[PDB]
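Heads up, the thing below is written out as structure tokens.
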Amino acid sequence: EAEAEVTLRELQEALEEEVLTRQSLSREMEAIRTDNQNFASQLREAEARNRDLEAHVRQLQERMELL
Amino acid sequence: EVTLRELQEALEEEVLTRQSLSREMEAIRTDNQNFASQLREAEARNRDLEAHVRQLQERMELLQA
Amino acid sequence: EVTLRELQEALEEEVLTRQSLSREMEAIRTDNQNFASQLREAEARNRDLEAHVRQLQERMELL
């Protein structure tokens, strides 16, 4: 060998470990992006459900006055 | 055996991939702040609607009475 | 020109940066969980209110 060759090969191994660790981070952030896409849809749906209920309550308020 | 330049290239490509992740994380934080605000808006519109429904229940009690 | 020394240092710097990113991800994973719990609570309150509205509608129709 040679001390320089050793250091080079150990550097490659350290880099490979870092890649594996970053790869796990990549999967974690991907779950985060899916969760976020879902939040966006859930909020939209909740917003529509409340507008539906608001409309129904307006109708009842109007019906209440009439009666 | 890996060479200096091959290691250098592999490191630069790892740095690029991670830099892409770092940029994505900016879009995530953006979204999170916006979603928090949207949730507070929804919470308030529901609290408002609760109060109207409570008032309707009270009006109905008065009319029944 | 590129030395083994410069590459070792460049990897250490990249490790530091990537570790800081991992912390941020950790903080957001926790955050997103607390958020989803708040969102489900809001969904539950709206479902409860829907039930109360139905009962009002039905009482109103009795008179």
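Reconstructed Cβ throughout: ideal geometry from the backbone, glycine too, with neighbour counts over all protein chains shown. Computed from the coordinates by the stated procedures, all read-outs in this text should not be read as laboratory data.
The mean number of partner chain beta-carbon atoms within 10 angstrom of a residue's beta-carbon across peptide A:22-32 is 6.
When chain B is described by a simple charge dipole with +1 on each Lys and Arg Cβ and -1 on each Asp and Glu Cβ, the residue from B:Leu21, B:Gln57, B:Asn46 located farthest towards its positive end is B:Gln57. Residue exposure proxy: B:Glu6, C:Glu50, ordered by other Cβ atoms within 10 angstrom of their Cβ from fewest to most, comes out as B:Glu6, C:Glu50. For the pair the stretch C:4-58 and chain A, the centres of their Cα atoms are 7 angstrom apart. Calculated on the Cα set of chain B, radius of gyration then Dmax: 28.1, 93 Å. A helix-only calculation puts chain B at -35500 deg cm²/dmol for mean residue ellipticity at 222 nm, using -39500 (n - 2.57) for each DSSP H run of at least four residues, averaged over all residues.
3J(HN,Hα) along the stretch A:50-67: 6, 5, 4, 5, 3, 4, 5, 5, 4, 4, 5, 5, 5, 5, 5, 5, 5, 8 Hz, from the Karplus curve 6.51 cos²θ - 1.76 cosθ + 1.60 with θ = phi - 60°, whole Hz, x for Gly and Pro.
Taking the Kirkwood radius as the inverse of the mean 1/r across Cα pairs, report the Rg/Rh of the protein assembly as shown. Mind showing how you got there, number by number?
Working: Rg = 28.5 Å, Rh = 21.2 Å.
Dividing the radius of gyration by the Kirkwood radius yields 1.34.
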